[PDB]
Structures are given as structure tokens and as C-alpha cells.
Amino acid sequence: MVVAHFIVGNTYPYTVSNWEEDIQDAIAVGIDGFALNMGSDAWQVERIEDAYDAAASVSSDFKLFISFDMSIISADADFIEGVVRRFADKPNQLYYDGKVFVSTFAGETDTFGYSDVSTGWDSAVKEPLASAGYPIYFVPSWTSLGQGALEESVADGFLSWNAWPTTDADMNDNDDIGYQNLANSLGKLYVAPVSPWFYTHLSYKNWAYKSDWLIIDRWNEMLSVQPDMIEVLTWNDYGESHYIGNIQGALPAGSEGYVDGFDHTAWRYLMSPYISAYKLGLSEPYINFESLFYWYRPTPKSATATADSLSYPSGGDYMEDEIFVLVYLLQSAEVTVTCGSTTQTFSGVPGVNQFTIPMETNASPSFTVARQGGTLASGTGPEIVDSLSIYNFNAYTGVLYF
């Protein structure tokens, strides 16, 4: 199964029709469900009610479950138990092994007054739910514990949050292999995270992670690791720039400058052959359609923001001043990428193709695919500029189907 992490905190304006659009968009690329990551605001429970009704209207197969964001919610066992029971009987609730699937972000230091985290989660949350007839399959994201997370007796599985390179290096999957190995020997579930990007630029968090080809490197790792389950980070965390859904709902204060106009449609559509291959157990993506995808940052990484109340983001120098072009082909084709005076024509071959050209500012990149001299696809991305009012290491993306 492949689900996407969903920020319920961004849904204050949502109606059911907003939920239906997200769920349709997720299904269209092969995503099976949403982890509904919720905070403490009472209106979030009402929006989650709408999420389950929307799921029922769209597809009986689409799965939903609660992720308690314990970085926001206090260790309130009554609240947690009550939310699990409120949605456990909905038709689209995800079950595993006959038990209610329940996840978290964090919570590894919450003991609910008990001597340790497993005694606390078990005595305050797990056993009360079991006694009421709702035993849960508890899959917290407790990455600060490392391999200790899977060793916690209260955990039935473990969702890692280690989705990004934290240095100048490419991503690697050593941790995923270790976690899946330990899940295998302990009889537990490992959920691996998959994220296309990272940029956050707010008064309380401000950094980038080396992204660039990350979405392809990570999906290649997933096809090799073959984790039990995958959670995509994220459908809609606008504040950290790894959203792959359509921008709707509410943007976190301070993020609008680097989110508005930065459509990430390409990042969800490009995942479909990798999701298919993951489900089929294949070592390479299952390519049965053709498409060009592109993405790039809006400025050179060295640009000095002209009116930013925040400082330059740590990690901004890690990325490359390049335009990224991904082409899925069933037959050979000629791919031309132009940005101002910078141009290159590439020989695309069947399968996955990865091309780059250097950024050039004050120009709008153009992309063409041709075959037997005839144009199959042509499009233009947003203009790259020398600087913006704020530091912006989010990416524009685009799709050209053909």
C-alpha cells in the first residue's frame, strides 16, 4: 500500500468537495489512502468527518486513518481514544490484521504519567481501545529512537521520517534496509517515507535539504528495499514545500510567498509508474505511457533576497542551479530544453530519461519532445529571475503528456 501524509491543519476552509478533489487526485496516480495528520483544534475533527464522507463518495477502496501529531497534541489519552473510536467504524477506515490502523507524528517521549513510553501508550491508549472492542494496530513515527522505535513493545510497526539527505550527499537507503530487517525479525510493519523536496522558511524553522533528483533516487531505493508500506511526505504540507497535491485550503502564515503559484502537479503524476512497480514487486518503474516532467527553483541559489525578514536558509547551497527534465518514453524521441541562450537537445530512449540544463535567469524555460521531425509536446515554464523579495528554494513543476 502507498498512502500520503495529509496535513489536516490546512483544511479550515475545506468542504466535502475539497476533500473529494484531493482523494480523486490521489487515486489517479495510484495512492491508496491518506494518513490524516491532525492537531488539537476542535474544527479538525469536523473536517475529518467530511474526509471520511468524501472517501465513501469517491471510492470504497480508498483508505483513511488518523495520525496523531504529538508535536501539537498533548498526551491526552481521552482525546486520542475518543478520536480513534469516532472514526473506527467508518467504511473507509484502514484496518490491518483486523485491527484499527493508528499512526502518529512523534510521541516517543509521552508516557501519560506512566514509567515509560510503551507502558504509557499501552495503558492509556491501546488497552482502553482494546477493551472497548477496538484493538488498534499502532504504527507511530518515532524516528528519534532509531532502531529502538521498533523495539518498543507497544509499537506494532514504525513509520520513519528520514526521507531527505541532511548533508550535501545523495539520499541513501541504509536506514530503510535496517528498519525493514528489524521489522522482519520482530514481526512488525515498516513504513518507509518518500518525499520529493524540502524547503521551509518560517520564523520558527528555516532550511532546505538537497532535493533536485531526490524523488527519483528515493523511488529507485523503494523498488530495491521493497518496504512493507510507503507513506508519501506529503499531500499538502505547504510550509515545507513537499506537497504533491493541488494547492487548496489554507497556507501557513509566512509560507504564501514561496507557495503561491508553485504548482507541484508533476511530482504526483510522475510517481504513477514507480507506485505501479512497487505494487508489482518490480525492480524498475512500470512505464506504459509517455510524458515529460520538469521542475526547477525560481532563482540561482546564491540570490540575495531583497525584502526578507528571515535569513538565508541553511542548506540552500546544497542544490544545483539546474533545470530538471524527466521523460517517460515507449519509443525514442528527441527532447529539447531551452532557457534563454542555454539550450540542449537530448536523445531520449525507451524507459526513464533524466536530463538537466543550467539555469539562465530572466528567461522562461521551454520544453519540446519531437519524433520523426514532428512535435509531440511543447510547453513553457515560469520565468527564472535574479532575485525575489524572499529566499525561495521551492520548485516550480510542470507536466506535458503526449
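Start at 1 and count along the sequence shown; that's the residue number.
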Which has higher Cα B-factors on average according to the PDB entry: 300-308 or 212-220? 300-308
Please work out which of 155-163 and 122-130 has the higher mean CA B-factor as recorded in the PDB entry. 122-130
Just to confirm, going by the entry's C-alpha B-factors, which of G178, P193, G249, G245 comes out highest? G249
In the PDB entry, which of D89, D237, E231, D173 has its C-alpha at the highest B-factor? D89
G316 CA temperature factor, ranked by third within the chain: highest
Among the modelled residues of its chain, does the C-alpha B-factor of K99 lie in the lowest, middle or highest third? middle
Ranking every modelled residue in this chain by its Cα temperature factor as given in the entry, which third contains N394? lowest
Which third, lowest, middle or highest, does the C-alpha temperature factor of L36 belong to within its own chain? lowest
Cα B factor band for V83 (lowest, middle or highest third within the chain): middle
